[PDB]
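One chain follows as structure tokens, the form deposited in one PDB entry.
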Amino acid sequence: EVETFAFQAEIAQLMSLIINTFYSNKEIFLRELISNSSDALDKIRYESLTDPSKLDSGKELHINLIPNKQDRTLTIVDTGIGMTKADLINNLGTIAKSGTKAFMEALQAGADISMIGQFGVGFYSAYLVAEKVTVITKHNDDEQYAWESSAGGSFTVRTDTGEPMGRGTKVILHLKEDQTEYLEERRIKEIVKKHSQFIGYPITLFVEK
């Protein structure tokens, strides 16, 4: 069972702008997704402070970066709070409708696309480098789901049958054919050092055979 949903008009517009605007500083997508992961980890940590059983689904709080050159994917995994089905449908737990409005107002007042994260919609910077994004997620209060979109106005949600995650979110970037630099270890390390050097959770860059 696969359910298909339309993006709200403002999010469709945001996604089209990210896809079609000329903007060379694409590397900021990784900073934005690592920042989202850190926020998600903060949230489950905060809940655990009064209810330790919130971490029964996994005590380790971390961020993994996984490139796969055969599949042409870069995956960002975190063990944060995850998303419920309702969260996924509601723009992956963001205030994306109003955040988009603020972002577009900022752009007309001179802001840069790199400032997307200041408006709560940094997730959508994934489409600077990905033709399709798959999000696998597990929240303590719900089952494991896969969200997916190639833009074009719609996303899908389905129950996920893959490897059970325990708790957290996996963002799988199916990269554009000319964006394969983001699979090279040297490039990922450079970006992490430049933009994410002080994130308060361990970031592990996996390597490949």
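Residues that one form lacks are left out of the comparison. For the two forms, the rigid core is made up of the largest set of C-alpha atoms that agree within 1.5 Å on superposition. Numbers follow the displayed sequence, beginning with 1.
Keep in mind the form solved in complex with a small molecule is missing from the figure; the text below concerns it.
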In the deposited bound form, does residue 88 come within 4.5 Å of the small molecule, counting heavy atoms only?
yes
Does the small molecule come within 4.5 Å of any heavy atom of residue 92 in the deposited bound form?
yes
Would residue 96 count as a contact of the small molecule in the deposited bound form, using a 4.5 angstroms cut-off between non-hydrogen atoms?
yes
Does residue 130 reach the small molecule in the deposited bound form, with heavy atoms at most 4.5 Å apart?
no
I want to make sure I read this right: if the two forms are fitted on their rigid core, which of 114, 90, 84, 73 has a C-alpha displacement of 2 angstroms or more between the shown form and the other one?
90
Versus the form shown, are the CA atoms of residue 93 and residue 6 closer or farther apart in the deposited bound form, given a shift of 3 angstroms or more?
closer
Taking the shown form as the reference, report whether the CA atoms of residue 11 and residue 93 lie closer or farther apart in the deposited bound form; the distance changes by 3 angstroms or more.
closer
Displacement runs between the shown form and the other one, C-alpha, 2 Å or more, three or more consecutive residues, core aligned
90 to 94
